[PDB]
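A.B. asks: build me a model:
(2 chains, ligands or ions: 5)
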Amino acid sequence: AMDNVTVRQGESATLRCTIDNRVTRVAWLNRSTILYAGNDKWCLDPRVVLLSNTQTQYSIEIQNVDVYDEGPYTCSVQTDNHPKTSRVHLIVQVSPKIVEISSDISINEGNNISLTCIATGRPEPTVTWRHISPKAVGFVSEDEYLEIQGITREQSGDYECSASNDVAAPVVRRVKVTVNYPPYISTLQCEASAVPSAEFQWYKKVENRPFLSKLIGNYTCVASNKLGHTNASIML
Amino acid sequence: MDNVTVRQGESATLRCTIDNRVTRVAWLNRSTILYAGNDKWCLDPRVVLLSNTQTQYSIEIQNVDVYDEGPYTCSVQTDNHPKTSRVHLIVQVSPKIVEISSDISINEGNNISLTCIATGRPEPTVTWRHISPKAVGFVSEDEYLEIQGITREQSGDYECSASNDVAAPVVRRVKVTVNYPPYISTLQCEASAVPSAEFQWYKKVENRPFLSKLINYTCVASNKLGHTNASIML
Ligand SMILES: *[C@@H]1O[C@H](CO)[C@@H](O[C@@H]2O[C@H](CO)[C@@H](O)[C@H](O)[C@H]2NC(C)=O)[C@H](O)[C@H]1NC(C)=O
Ligand SMILES: *[C@@H]1O[C@H](CO)[C@@H](O)[C@H](O)[C@H]1NC(C)=O
Ligand SMILES: *[C@@H]1O[C@H](CO)[C@@H](O)[C@H](O)[C@H]1NC(C)=O
Ligand SMILES: *[C@@H]1O[C@H](CO)[C@@H](O)[C@H](O)[C@H]1NC(C)=O
Ligand SMILES: *[C@@H]1O[C@H](CO)[C@@H](O)[C@H](O)[C@H]1NC(C)=O
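C.D. replies: Numbering: from 1, shown residues only, chains lettered A, B, ... in the order given. Ligands and ions are numbered 1, 2, ... in the order given. Here you go:
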């Protein structure tokens, strides 16, 4: 005749037991074991402290509760006509915690990559992957295990893992992915995009910005990185 | 894995071995506490303290009923580790035959069927016995007994026997009578019939039920099922 009780890990749980009329003796039990009988402290664990022994209600408190303390707890009352008992289930909760994620990586285009996010908590959290890359389309997925086949430069960016249960606010940790792709070329200027940023070469001074180079007959622009090389020519 | 079993209306002894020293010990009936040390929690007098020594704590449950069946735990409190000892109490009821088939009369070569439903703890063993002398043996080891093409040789009482090994088995019998047309075997003709046939001579006189006596002629015995005549000439 009493509502379930639920507390977070490392908190205090109060187990109350309302009484009426007159009762000879009252007790609290942890499964079969006895915790308190009247004002007699059976179990010697200091976390269990008696709170109220007035006839109106009999209540104890469990401090610094762990998940192992979850289970049924009965308030064994004894009355002359019939003996009554009231069972109460203690439910412990653990905030979600991301135990493992893949470390930050840089990868060549067109390879197989994989991302994982192992999270713990009580109850089991719901893990989701989000593509956090700005200035690009994103996506959310309900797969803990995330695989990418034939990775493209369009898929570079951060990947945020989120593990959530109703116990606490979801916890997030992200991983930045940078995708390596050979350069593609786009007074005299030569625009190109590459990861890592490509060093330009001009062939028959010159200021080299990170995203483009400029030069102040027919000449060719050569853009190159560790993966490959491209040449583009322009005539003035 | 401790276990105890007692018959209804008897006394059951619940022992609990302990070692070293325990602050307080108890015996429990499911969730409720019966005794804690020398403190009598439950108000039922049937649970009496037997041993309050430190080495062992034992109680006894007298006048046990079927409602007293269930688990009983010996809640110990020790500093090093907490131990509990559960014991399952098992109550027993002598077998009781709730239902049997009523007596029947049947024509020879007909179908009959008999049942003997018995209850008890533990499960009783029901057996059917044909009480006709020179019998073969038990006829069914189940509640249900059926006979196909019943013969006059199978008429008689059928004893059901239910035993659960708790107490002496209870038995009840049912008589079946098989109807058969008469068959014949100064002038006497012996014959057998169910119902018993009255003899007639055709062509005083004392006619016993199982044979007739006369003080070309035929002796006629007949009943509700059929008729036969056997003739002899002097
Ligand atoms: C042992 O505990 C039970 C339950 O608290 C006592 O009461 C009976 O419980 C059964 C449930 O299985 C009910 O059907 C009965 O009506 C209850 N009352 C009685 C009088 O049987 C039981 O009495 C306890 N045993 C003893 C010896 O007190
Ligand atoms: C309390 O929690 C237990 C956990 O198994 C559940 O079985 C029970 O129904 C719950 N009771 C209420 C009142 O929610
Ligand atoms: C008894 O209570 C303790 C904490 O008070 C808890 O850890 C344990 O799981 C409970 N049940 C037992 C010991 O069977
Ligand atoms: C990537 O995964 C596919 C899956 O079938 C496999 O066939 C291939 O060998 C893997 N490696 C590559 C494409 O380099
Ligand atoms: C008797 O039982 C037999 C076999 O089970 C069945 O064929 C028949 O219909 C039953 N009734 C009779 C013979 O009157």
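A.B. asks: for the residue sitting nearest the centre point of chain A, name its beta-bridge partners.
C.D. replies: When C-alpha atoms, centre = their mean is applied to chain A, the residue found nearest the centroid is residue A:163 (3.3 Å). Note on residue A:163: beta-bridge partners by DSSP bridges are residue A:127, residue A:171.
A.B. asks: now it: how far from residue A:125?
C.D. replies: Using C-beta to C-beta, to the nearest Å, residue A:163 is found at 4 Å from residue A:125. Any C-beta I mention is one placed from the backbone N, CA and C, and that applies to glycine too.
A.B. asks: coming back round to it: which ones are touching the residue nearest to the centre of chain A?
C.D. replies: Residues near residue A:163 by C-beta atoms under 8 Å, 6 or more residues apart in numbering or on different chains: A:96, A:97, A:98, A:117, A:119, A:121, A:125, A:126, A:127, A:170, A:171, A:172.
A.B. asks: go through these and name the one nearest residue A:70.
C.D. replies: Of all the contacts of residue A:163, residue A:121 has the smallest distance to residue A:70: 14.4 Å, by C-beta to C-beta.
A.B. asks: please parse chain A into its domains.
C.D. replies: Domain assignment of chain A by curated CATH domains yields the ranges A:4-95, A:96-182, A:183-236.
A.B. asks: which parts of chain A sit against ligand 3?
C.D. replies: Contact residues, chain A versus ligand 3 (C-beta under 6 Å from any ligand atom): A:30, A:31, A:45, A:68, A:69, A:71.
A.B. asks: just the buried ones from the contacts of residue A:163?
C.D. replies: Neighbour-count burial (16 or more other C-beta atoms under 10 Å in any protein chain shown) is assigned, among these, to A:96, A:98, A:117, A:119, A:121, A:125, A:126, A:127, A:170, A:171.
A.B. asks: closest to residue A:210 out of the residues you listed?
C.D. replies: residue A:117 (32.3 Å).
A.B. asks: show me which positions of stretch A:49-59 end up buried.
C.D. replies: For stretch A:49-59, a neighbour-count test (16+ other C-beta under 10 Å) marks A:50, A:52, A:58, A:59 as buried.
A.B. asks: what would the residues you listed look like in TSV with distance to residue A:179 and secondary structure?
C.D. replies: Shown next, in TSV, are the buried residues of stretch A:49-59 (distance: C-beta to C-beta, whole Å; DSSP: H, G, I helix; E, B strand; the rest coil):
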residue	distance to residue A:179	secondary structure
A:50	64	strand
A:52	65	strand
A:58	66	coil
A:59	61	strand
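A.B. asks: joint contacts of residue A:163 and residue A:125?
C.D. replies: In terms of C-beta under 8 Å, 6+ apart, residue A:163 and residue A:125 are both contacted by the residues A:96, A:119, A:170.
A.B. asks: how about the last one: what's its closest non-neighbour residue?
C.D. replies: To tie it back to what came earlier, the one meant is residue A:170. Nearest residue to residue A:170, sequence neighbours excluded (C-beta to C-beta, 6 or more residues apart in numbering or on different chains): residue A:164, at 3.3 Å.
A.B. asks: from ligand 3, how far off is the one you found?
C.D. replies: Here the criterion is C-beta to the nearest ligand atom, to the nearest Å. By it, residue A:164 lies 27 Å from ligand 3.
A.B. asks: quick one: residues contacting that residue.
C.D. replies: Going by C-beta under 8 Å, 6+ apart, residue A:164 touches A:96, A:125, A:126, A:127, A:128, A:170, A:171.
A.B. asks: dump the residues you listed into CSV; add distance to ligand 4 as well.
C.D. replies: Shown next, in CSV, are the contacts of residue A:164 (distance: C-beta to the nearest ligand atom, whole Å):
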residue, distance to ligand 4
A:96, 31
A:125, 29
A:126, 28
A:127, 23
A:128, 24
A:170, 31
A:171, 31
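A.B. asks: turn the domains of chain A into CSV, columns for distance to ligand 1.
C.D. replies: As requested, the domains of chain A are arranged in CSV below (distance: least, C-beta to the nearest ligand atom, whole Å):
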stretch, distance to ligand 1
domain A:4-95, 6
domain A:96-182, 33
domain A:183-236, 74
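A.B. asks: of all these, which lies closest to ligand 2?
C.D. replies: Closest approach to ligand 2 among the domains of chain A (C-beta to the nearest ligand atom): domain A:4-95, 3.7 Å.
A.B. asks: near ligand 2 at all, the closest one?
C.D. replies: Yes: applying C-beta under 6 Å from any ligand atom, one finds domain A:4-95 touching ligand 2 at A:4, A:89.
A.B. asks: check the offset of that domain from the chain's centre.
C.D. replies: 34 Å (C-alpha atoms, centre = their mean, to the nearest Å).
A.B. asks: how long is it from one end to the other?
C.D. replies: By C-alpha to C-alpha, to the nearest Å, the extent of domain A:4-95 from end to end equals 19 Å.
A.B. asks: on the three-state scheme, the residue lying closest to residue A:154 once chain neighbours are set aside is what?
C.D. replies: Spatial nearest neighbour of residue A:154, excluding adjacent residues (C-beta to C-beta, 6+ apart): residue A:136 at 7.1 Å. For residue A:136, the secondary structure call by DSSP: H, G, I helix; E, B strand; the rest coil comes out as coil.
A.B. asks: export stretch A:36-47 as CSV, just CAs?
C.D. replies: This file holds the C-alpha atoms of stretch A:36-47, laid out as CSV (Å, rounded to 0.1, in the frame of the first residue of the first chain):
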residue,chain,number,x,y,z
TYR,A,36,15.3,-2.0,12.7
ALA,A,37,12.9,-3.5,15.3
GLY,A,38,11.4,-0.7,17.2
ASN,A,39,14.3,1.4,18.6
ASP,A,40,16.6,-1.6,18.3
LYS,A,41,19.1,-1.3,15.5
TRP,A,42,19.5,-4.8,14.1
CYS,A,43,21.8,-4.2,11.1
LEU,A,44,25.0,-2.3,12.1
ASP,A,45,25.4,-0.3,8.9
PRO,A,46,25.7,3.4,9.9
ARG,A,47,23.9,4.5,6.8
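A.B. asks: buried residues, it. List them.
C.D. replies: Neighbour-count burial for stretch A:36-47, counted by 16+ other C-beta under 10 Å, picks out A:36, A:37, A:41, A:42, A:43.
A.B. asks: identify the bridge partners of residue A:114.
C.D. replies: Residue A:114 has these beta-bridge partners by DSSP bridges: residue A:147.
A.B. asks: surely it meets residue A:149?
C.D. replies: No: with contact defined as C-beta atoms under 8 Å, residue A:114 does not reach residue A:149; the gap is 9.7 Å.
A.B. asks: check contacts around residue A:80.
C.D. replies: Residues near residue A:80 by C-beta under 8 Å, 6+ apart: A:24, B:43.
A.B. asks: many thanks, have a good one.
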